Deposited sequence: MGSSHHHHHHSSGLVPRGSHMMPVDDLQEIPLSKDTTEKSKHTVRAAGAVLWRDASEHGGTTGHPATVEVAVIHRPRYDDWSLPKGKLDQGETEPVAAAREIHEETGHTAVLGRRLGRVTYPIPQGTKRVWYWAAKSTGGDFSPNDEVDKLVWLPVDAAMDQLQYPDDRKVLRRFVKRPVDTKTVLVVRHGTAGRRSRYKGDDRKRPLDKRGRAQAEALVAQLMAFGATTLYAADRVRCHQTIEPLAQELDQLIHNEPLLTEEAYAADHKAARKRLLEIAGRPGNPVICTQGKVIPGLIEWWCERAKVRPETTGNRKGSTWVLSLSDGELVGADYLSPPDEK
């Protein structure tokens, strides 16, 4: 009864001079935003990136989440999550669903879009900056129980499910154009982004200030380190622990007056922090890749 989809406001810098992509589908003779249904096991961001490529022929990097829409379809209810997405390459070619694509300034695109829920999404897009950089704060994957581990608990490794979460995070974090890697000084934090390190061929920088013990004793040192990592070129992944993340996220959202639409703290979850000129403009919580 409820069909789950994901899509994007794909934009390009025409010089940044923002134009957004609007696609035409012969089946309905309509103009809309690229989007499609989630495949089995696929997360919303991974589906959004795939649909951009399938419907527009562009590669893109997702940025800020633009909320969700719900509308009735003959089958019941369509529910779609949307992202801002910056084109990074490729080109349009016609496909089974799409015969035309136009690139328009936002005011012209608003007039071209015929569905109310697409115009609501485009309004969300123009409300805040879209040429953003992204900090990806990841809680390490499942690693069994402290109680049932003999050895230094710092060496406690991911369990099978956690190793699978770590593999599933590669497509999720590459959808946001991850480029640099940071982990708290715990094996289970490093192992979570080990698969991404191999995909990027990139080293993980160890972070002694971002462990639970270090955070609990010196919040301020951890906040300063987060802002320093965030200031460096690239889109950093920071993998840390359950008693660290809520504190850091809540502190930054209060300071920037940013209200997260979703929240949680599960093992394997990701916070997508969107920055524009050093200011937080979005804080998007993504469930673990193996959970709804």
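Q: As a test: can you identify every run of the deposited sequence that has no C-alpha position in this structure, in order?
A: Counting from residue 1, the stretches without coordinates are 1-41, 57-65.
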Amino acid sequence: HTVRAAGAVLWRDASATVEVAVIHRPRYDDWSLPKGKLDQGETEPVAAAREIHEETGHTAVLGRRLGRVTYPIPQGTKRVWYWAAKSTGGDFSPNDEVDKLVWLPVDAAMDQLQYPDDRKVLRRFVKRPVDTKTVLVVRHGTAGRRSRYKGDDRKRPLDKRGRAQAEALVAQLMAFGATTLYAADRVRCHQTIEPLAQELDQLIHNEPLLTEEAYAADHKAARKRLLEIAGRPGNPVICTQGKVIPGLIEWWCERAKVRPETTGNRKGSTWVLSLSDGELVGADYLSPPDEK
From here on, numbers count along this sequence of modelled residues.
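In this text, the rigid core denotes the largest set of C-alpha atoms whose superposition between the two forms falls within 1.5 Å.
Q: Do the Cα atoms of 104-112 stray more than those of 143-151 in 9 other deposited structures of this protein, or is it the other way round, with the core held fixed?
A: When 104-112 and 143-151 are compared in 9 other deposited structures of this protein, 143-151 lies farther out.
Q: Relative to the presented form, and with the rigid core used for superposition, do the C-alpha atoms of 246-254 or of 64-72 deviate more in 9 other deposited structures of this protein?
A: Between 246-254 and 64-72, greater C-alpha deviation in 9 other deposited structures of this protein belongs to 64-72.
Q: So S15 is built in this one, but is it left out in a third or more of the other compared PDB entries that include its neighbours?
A: yes, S15 frequently unmodelled elsewhere, at least a third of entries.
Q: On average, which has the higher Cα B-factor in the deposited entry, 16-24 or 265-273?
A: Per the PDB entry, the higher value belongs to 16-24.
Q: Per the entry, where is the mean C-alpha temperature factor higher: 90-98 or 177-185?
A: Comparing averages over the C-alpha atoms only gives 90-98.
Q: Determine which member of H190, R146, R163, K120 has the highest CA B-factor, using the values in the deposited entry.
A: That would be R146.
Q: Quiz for you: based on the deposited Cα B-factor, which of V237, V258, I229, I52 is highest?
A: Result of the comparison over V237, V258, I229, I52: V258.
Q: Compare the C-alpha B factor of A216 with those of the other modelled residues in its chain, then answer lowest, middle or highest third.
A: Highest third - that is where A216 ends up once the chain's C-alpha B-factors are sorted.
Q: Where does the C-alpha B-factor of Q40 rank in its chain, lowest, middle or highest third?
A: CA B-factor rank for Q40: highest third.
Q: Against its chain's modelled residues, does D29's Cα B factor rank lowest, middle or highest third?
A: Middle third - that is where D29 ends up once the chain's C-alpha B-factors are sorted.
Q: With respect to C-alpha B-factor, does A168 fall in the lowest, middle or highest third of the chain as deposited?
A: Lowest third, going by the recorded CA B-factors of the chain.
Q: Sorting by Cα B-factor within the chain, modelled residues only, which third would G63 end up in: lowest, middle or highest?
A: Bottom third by C-alpha B-factor.
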